[PDB]
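A.B. asks: pasting the sequence and an experimental structure:
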Amino acid sequence: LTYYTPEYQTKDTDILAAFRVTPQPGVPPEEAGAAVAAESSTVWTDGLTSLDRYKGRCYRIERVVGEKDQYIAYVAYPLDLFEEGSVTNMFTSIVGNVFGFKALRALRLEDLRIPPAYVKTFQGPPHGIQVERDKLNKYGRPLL
Amino acid sequence: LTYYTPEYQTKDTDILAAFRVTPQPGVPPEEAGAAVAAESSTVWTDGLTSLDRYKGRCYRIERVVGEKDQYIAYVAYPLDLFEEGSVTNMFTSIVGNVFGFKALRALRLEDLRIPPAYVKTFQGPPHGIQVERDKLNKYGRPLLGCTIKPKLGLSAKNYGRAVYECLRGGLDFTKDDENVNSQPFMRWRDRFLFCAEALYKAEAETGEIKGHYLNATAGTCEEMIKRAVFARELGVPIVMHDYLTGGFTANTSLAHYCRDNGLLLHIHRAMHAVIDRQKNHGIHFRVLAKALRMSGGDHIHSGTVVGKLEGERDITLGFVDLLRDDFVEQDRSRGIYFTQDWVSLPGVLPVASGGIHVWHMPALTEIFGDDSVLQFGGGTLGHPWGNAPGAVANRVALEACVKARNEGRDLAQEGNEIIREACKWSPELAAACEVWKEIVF
Amino acid sequence: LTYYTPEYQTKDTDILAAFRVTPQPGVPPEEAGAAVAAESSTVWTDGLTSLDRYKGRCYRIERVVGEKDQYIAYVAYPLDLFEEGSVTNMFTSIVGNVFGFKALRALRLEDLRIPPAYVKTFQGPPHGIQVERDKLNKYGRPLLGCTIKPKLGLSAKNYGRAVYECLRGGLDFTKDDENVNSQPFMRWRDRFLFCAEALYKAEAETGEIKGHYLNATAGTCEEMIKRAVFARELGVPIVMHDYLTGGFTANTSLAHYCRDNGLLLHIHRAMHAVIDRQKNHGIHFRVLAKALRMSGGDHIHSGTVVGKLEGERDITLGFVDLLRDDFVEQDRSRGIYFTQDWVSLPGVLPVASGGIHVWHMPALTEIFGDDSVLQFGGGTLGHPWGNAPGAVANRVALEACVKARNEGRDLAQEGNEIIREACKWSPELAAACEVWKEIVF
Amino acid sequence: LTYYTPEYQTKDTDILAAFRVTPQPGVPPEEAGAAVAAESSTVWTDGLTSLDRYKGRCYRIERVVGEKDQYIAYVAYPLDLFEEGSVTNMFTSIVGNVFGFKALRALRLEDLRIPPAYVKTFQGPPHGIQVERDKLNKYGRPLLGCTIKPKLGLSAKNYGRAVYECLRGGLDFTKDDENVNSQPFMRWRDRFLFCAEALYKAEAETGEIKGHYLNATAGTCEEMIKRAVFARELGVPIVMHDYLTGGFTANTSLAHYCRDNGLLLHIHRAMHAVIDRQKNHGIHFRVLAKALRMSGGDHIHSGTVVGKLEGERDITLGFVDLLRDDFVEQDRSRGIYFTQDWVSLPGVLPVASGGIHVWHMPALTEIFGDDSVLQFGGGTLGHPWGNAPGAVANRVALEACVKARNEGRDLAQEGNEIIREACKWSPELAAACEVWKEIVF
Amino acid sequence: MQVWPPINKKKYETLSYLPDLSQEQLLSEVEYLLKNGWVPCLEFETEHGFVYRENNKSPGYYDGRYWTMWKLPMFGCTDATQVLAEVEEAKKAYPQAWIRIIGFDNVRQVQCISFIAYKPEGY
Amino acid sequence: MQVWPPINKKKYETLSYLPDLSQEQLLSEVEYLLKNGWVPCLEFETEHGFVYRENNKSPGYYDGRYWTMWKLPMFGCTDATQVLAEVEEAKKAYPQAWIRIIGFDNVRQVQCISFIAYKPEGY
């Protein structure tokens, strides 16, 4: 429980996910959130880097009161983990290995805080709402 | 209820799906299955075609006794609905709109009978099991792989040395983790250059063909082909793609690039448990690999078994066959809801992965047999004496498992024992049996 | 004075500049700093946007006490003003219109805080210090270089022999001078072919990777890439570009060509003293190298130090860090007016150059340490016994400086002495200590 | 002092520079000029060539009486030193190493005599004044331009409308500001599509060829050509490049792309005051435009004049001629330190810009005459009645200035008056004379 | 904690990180081959018994995978001891050679076996 | 005025244009390594101790940069004399090999050292 970090202060170059984890009976919520984070690393060669820079931190665990006993574990992923401008990579690195962990009944990814330093590595909409209306010269209603 | 057709006789040019539907209380099962089929059409212009030719028929509904009250509705989709050679299309047309119907609590796709007339519109594996062994000149055992660890963490020269220590120790293959693409610490083209160096060295050391699954996955079609193109420039034998985060459109393009260029493709199934873990909703991994045998890959991760045990080991054994075999006939205990005639599409080699280290060797060797890849991360890297000792250690363990099977011993019972014998004559393996037995016996 | 904003709280997606403004007598400092910021906008259509989002804020003005009465006005530029990944744009938008304002006697750009959200839009060094050492397999010292002399003058086979004598003597790298492109006496493609020959020979002689900074600079984008393309054809490790005469647009294109092709880039900063020498007008070299760490280069000339001494050695040490380090926090004595978080952009290796020969070795070795290139022209070529003796002579001098530092001696005081010890056991180096001491002690 | 050559007779294949050197106290002027020249070479291998052929000769030193004690040292550079057709090379070889010599306080390059044998290695303007007027079919006045404002701020449809209002009001040309490339608010290709639309409309409204200086400047060679290519796709007549932030390598590539595709090139000199403002250090703008007439551009910004007055108006008039004329002989009061024979390289049209609105019209018209572009930002956009009224307003003002000159009136004295006459018969212009006279008479 | 040799641990794939098989262990292998239906054959290499790439370095192109066949496949052999006579005759002729026993599975149209039967002196 | 040998001045990068380090000079180096926080490791080459390019000649591709690791990194070693025992054991096994002491800087994720510890006879 070196991935459950109550004391972590988030960086602004962090991908934060908010996972609703429903642990297996008996997984402590702490150990559940730290488990979600830990699907980031494991050791040996590890002494040739500092794994401390490439790990998910389950910095906070909240209790989903009354929707059952589920928890919103908040993982924080370093910017260095992701390939700039690749949603295929951000999804492999987050939704890639965690959802099939034995110690999890069912886990769900609710939200992502995509930091602006990562946002900037993306083209985005080839146009988006505004240019689209300028192009199309349609103003004042929803389009049909 | 013009989509529920009890009287339909299937065509041999039909995609048949077997959907476990869990209706909303009050939907009659009939109306539930007909609803799944009806996500095929609706009317007006409809009088300018015959919608009767472009509709899903829920021809049979079975009751999933005791797993709750769920039903296996059998839909039958006409061939004309699908774009020849497009797994992106077969998934849009089937898993595209049905799973979100109000009158369905949770629906799950369990199997697909991909007709031979559709099978034939696909290239398949750029190589598949046989050419792969011919190319690689490896016969008689499951092949061995080492997964470099940590995934994200080290530099390129480091990844690259891990690779070599491991491969000189007698494993055959090393893997870029699924998360390793090009990233600030280790950018692709240098990982490629150093892993190339490392494998030619290890191969000139052993005398056995070695190779590294270079992860060609990227964020645009163009960059994926760019990386693939550079593996080709090195003369290296295999590249890798995660097919669910990258995509089926893209996967199929890496897979035709490798056929035409002679590279093998190790497909990693990252993200699959998002779709395939739950029993009542999703698409079942056997469907997700029929989609890969058609889209194309030469290796596909099938997970581990000795951990997740017997009874469920039967559905693992059901889709390994669906992957490897030319015809997997109907066997509803291994989860084959339909016979499948692959009409000479190459087979994909199962990669077993996770939890593994040596007392697994005989079991794995038995669940899977010869046609598999036993991929160790910690089983190798987490050896006492490091990387090459770990490689030698899983390897002589495997070859002990081959010899024992070959001189008719039963790996299923003598297993642990067979490995007992092997520890004894190997130093390297013995220190692996110790940390083994730090949790073994 | 709607651009002078005392109350502005900076955003972390702001380019902050620190301009030393020397106003015209009578401009209030406030009005001076607001004037620098105001070169961002003017009005009418302005009511069809909010100019409030696209203006430079002179949020703080400091008084440069005693260097005259000058002021360090701090402007803050929004992220939306810049084209992602374009140093040509960041320089047009900042140094583009302000330095010629009537109400300014002379203005100077001292530093830039390039936010991480902008940092991320740049490729950076095609390699940078680490991969460079991994590639080159050189660890433990500053690397050595020889500059062929005369620059313009000899033929191609001559340039090419100078190169080899020098590189077989144990230097690691040789340089085409900045003025050498293709010229009547020595046309590029033959300089490339003979310097290629020369370096493979020298490397097969030593057993150490050798390389020549081939000057790919030319007059069109096309010809620069043409020369670069031919280095790639030889398998040679490094090419060179002067980034201020060629351009930032072009530099960035040579730098993405080398990333994608695995060539290192030695950037030469010719023309920089035209912009960066004067204290009261121009752009300060630390800004001109933040622009290169982003546009891309693997080596950048940082000049020499032991000549231009202590106190000013502190701002050299301020931008070597800005070049080499992941985060160079705020230190207004080394001239860092702002913290800089490089968010894992590779570092550029400082090339120290000019005035150098051996009693410089320990000092240089100390100012710079391991991560630098000590580039000798005359320190090597102007040796008594010629080129290879000069190479051996700077080299054993350096390695004496490494060993001494390593067995805790203080190069800063024992230096001259350390070199004294070394002369003694080396013939080659001793004759270099003589001509050394034709001006030494 | 083997580089100070009082006796050298210049060759006609020599690049001559005229450096204003301000030596360090104690450097003899002779030793100062010889020092500037000596940054051409140094010795050993030197005996394998004759360095006597590849050295700068400081053949004459003059005393800059009374501007301080500074000297105009005249260096003479051999043709063989330069790569044919490369301004990146001519600037590396001259302004590349000299300006940072310890024995120089501040050195400034005032002029260059680019020999005709070197002139001939350059394409020059893709068109130049004449073809430009033939193409555009405009004869008899300076052409008019409107600069859209705010630069960074509005959307693409907005930039695009400003453009049209302005161009239908009779201006000929509109400009993307130098900072406008592709940016979050306004991405390039849409600015290109809407400015294309806007100009064809304005031109079908007037009947006069209209065009927009589309800023093709970008961060890589590749993207600059990509934008240029799309202007070509629209059939639009002119594109734009800032040649000092983008680069000379790049500039030359946009300039040969436009010759070969028939687009005109408006060159913006952003960043120039960083190098050319100080009197004692830098390179003087006349050198920076000889470099552009050779690298290539069809228009070049020369700044404004009526603001920065007579005496200095003489050096403006010295480099407009250097730009526009086939031969500008020696005239050391207009700052021509050397005769220049341009041997039929096309002339570049001066763009006068900044501070301008109508009582400037006769003066401008007189400083510059017919061969210029009068570019208004606020002179047009900041009109009371908006954009098209401002266009008509600068335009009839200019045509009044043409008619008056043509019927022999003296714009130099009657000017203000001539405009007085014009206000009267124009509504549109009269309201411009009002806000004029909110600061006029 | 040990080091595994960079020199001289040249391998001949299946079964070569095991002790050398005694004629008993070789016989049981040849008898397995046979109990699955697979035709045994012998390959022998005199000239460098390791893959290499001289002719071309393309993806999955290697020189040295092919050895010379020693006689033919022992189609319809039922007695594995017939077979060991061949390893042993070949070995007379070629004390040089590395011999390997391969097997053909005509049901799958593929070679399924390859184990080194005789390493030449000091291999 | 002298000539420097075209034959036989093969070099092993850092510290190799110096006299050969005595076990004292080697020890002080290993003790420096250690006083900066860097994990020492030994590489040993039996087979040609010089870079070459056989496999591919691309920009910055060279064969021969990688040697075999002699055991592992001496993670948390505090006594440099522990280390010299390894140079000396390796050397028993491989009188053949060129041994070199390398070091890992896990703070920067990079190898920082490489000095030749034992040149094989006549190197």
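C.D. replies: Done, it's in. Numbering: from 1, shown residues only, chains lettered A, B, ... in the order given.
A.B. asks: so which bits of chain A are right by chain D?
C.D. replies: Residues of chain A lying near chain D by Cβ under 8 Å from any Cβ of the partner chain: A:127, A:130-131, A:134-135. (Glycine included, C-beta is placed from N, CA and C.)
A.B. asks: from those residues, which is closest to chain D?
C.D. replies: Within those, distances to chain D taken as Cβ to the nearest Cβ reach their minimum at residue A:134, with 3.8 Å.
A.B. asks: give me the nearest residue to whatever residue of chain E ends up closest to chain F, chain neighbours excluded.
C.D. replies: Closest contact between chain E and chain F, by Cβ to the nearest Cβ, is at residue E:6 (4.1 Å). Leaving aside its sequence neighbours, residue E:6 sits nearest to residue F:68 (Cβ to Cβ, 6 or more residues apart in numbering or on different chains; 4.1 Å).
A.B. asks: contacting residues for that neighbour?
C.D. replies: By Cβ atoms under 8 Å, 6 or more residues apart in numbering or on different chains, residue F:68 lies in contact with B:165, B:168, B:388, E:3, E:6, F:43-46.
A.B. asks: ok, now how distant is it from chain D?
C.D. replies: 43 Å (Cβ to the nearest Cβ, to the nearest Å).
A.B. asks: got the phi and psi for that residue?
C.D. replies: Main-chain dihedrals, residue F:68, degrees, to the nearest 10: phi -70, psi 140.
A.B. asks: want to throw the contacts of residue F:68 into TSV with secondary structure and neighbour count?
C.D. replies: Below are the contacts of residue F:68 laid out as TSV (DSSP: H, G, I helix; E, B strand; the rest coil; neighbours: other Cβ atoms under 10 Å in any protein chain shown):
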residue	secondary structure	neighbour count
B:165	helix	27
B:168	helix	28
B:388	helix	29
E:3	coil	20
E:6	coil	21
F:43	strand	22
F:44	strand	24
F:45	strand	20
F:46	coil	17
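A.B. asks: excluding sequence neighbours, find me the nearest residue to residue A:61.
C.D. replies: residue A:33 is the one closest to residue A:61 (Cβ to Cβ, 6+ apart), at 4.4 Å.
A.B. asks: isn't the one you found up against residue A:4?
C.D. replies: Yes. Applying Cβ atoms under 8 Å as the test, residue A:33 and residue A:4 come out as touching, 5.6 Å apart.
A.B. asks: shared neighbours of these two, anything?
C.D. replies: A:58, A:61.
A.B. asks: and chain A, which residues reach chain F?
C.D. replies: A:47-50.
A.B. asks: residue E:64: which of the residues you listed is nearest?
C.D. replies: residue A:48 (35.1 Å; Cβ to Cβ).
A.B. asks: what's near enough to touch the most centrally placed residue in chain A?
C.D. replies: Centrality entry for chain A: nearest residue to the mean C-alpha point is residue A:17, 2.8 Å, by Cα atoms, centre = their mean. By Cβ under 8 Å, 6+ apart, the contact list for residue A:17 reads A:74-75, A:77, A:94, A:109, A:111-112.
A.B. asks: ok, so of these, who is nearest residue E:119?
C.D. replies: residue A:94 (50.7 Å).
A.B. asks: which residue ranges of chain E form helices?
C.D. replies: Applying DSSP state H to chain E gives helices spanning E:23-36, E:80-93.
A.B. asks: mind listing residues that contact the first one?
C.D. replies: The one in question is helix E:23-36. So helix E:23-36 is contacted by B:403, B:406-408, E:15, E:21, E:40, E:77-78, E:80-81, E:83-84, E:87, E:101, E:103, E:105, E:113, E:115, E:117 (Cβ under 8 Å, 6+ apart).
A.B. asks: hang on, residue E:13 packs against residue E:101?
C.D. replies: No. Using Cβ under 8 Å, residue E:13 is not in contact with residue E:101, being 12.0 Å away.
A.B. asks: list residues touching both of these two?
C.D. replies: E:114-115.
A.B. asks: gap between the most centrally placed residue in chain E and residue E:41?
C.D. replies: Nearest residue to the geometric centre of chain E (Cα atoms, centre = their mean): residue E:100, 1.8 Å. To residue E:41, residue E:100 is 9 Å away according to Cβ to Cβ, to the nearest Å.
A.B. asks: repeat for residue A:28
C.D. replies: Look at residue A:28 and residue E:41: by Cβ to Cβ, they are 61 Å apart.
A.B. asks: hang on, the earlier thing: ok, what's across the strand from the residue nearest to the centre of chain A?
C.D. replies: Beta bridges link residue A:17 to residue A:75, residue A:112 when assigned by DSSP bridges.
A.B. asks: what distance do you get for it to residue A:30?
C.D. replies: In terms of Cβ to Cβ, residue A:17 sits 17 Å off from residue A:30.
A.B. asks: quick revisit: and of the residues of chain A next to chain F, the nearest to chain E?
C.D. replies: residue A:47 (15.5 Å).
A.B. asks: ok, that closest one touching residue F:104?
C.D. replies: Yes. The criterion here is Cβ under 8 Å, and residue A:47 meets it with residue F:104 at 7.5 Å.
A.B. asks: joint contacts of these two?
C.D. replies: Common contact partners of residue A:47 and residue F:104 (Cβ under 8 Å, 6+ apart): F:39, F:73.
A.B. asks: in chain E, what residue is nearest chain A?
C.D. replies: Closest residue of chain E to chain A, Cβ to the nearest Cβ: residue E:1 (13.0 Å).
A.B. asks: that residue: what's it in contact with?
C.D. replies: B:384-386, B:389, B:431, F:71-72 are the contacts of residue E:1 under Cβ under 8 Å, 6+ apart.
A.B. asks: which phi and psi does the closest residue to chain F within chain A have?
C.D. replies: Of all residues in chain A, residue A:49 sits closest to chain F, at 4.4 Å by Cβ to the nearest Cβ. The phi/psi pair for residue A:49 (degrees, to the nearest 10) reads phi -160, psi -180.
A.B. asks: about what we covered before: ok, so of the contacts of residue A:17, who is nearest residue E:64?
C.D. replies: residue A:94 (44.9 Å).
A.B. asks: wait, the closest one touches residue A:36, no?
C.D. replies: No. Taking contacts as Cβ under 8 Å, residue A:94 lies outside contact range of residue A:36: 9.8 Å.
A.B. asks: circling back to that earlier point, tell me the most buried of the helices of chain E?
C.D. replies: Greatest average neighbour count among those goes to helix E:23-36 (a mean of 18), per mean count of other Cβ atoms under 10 Å in any protein chain shown.
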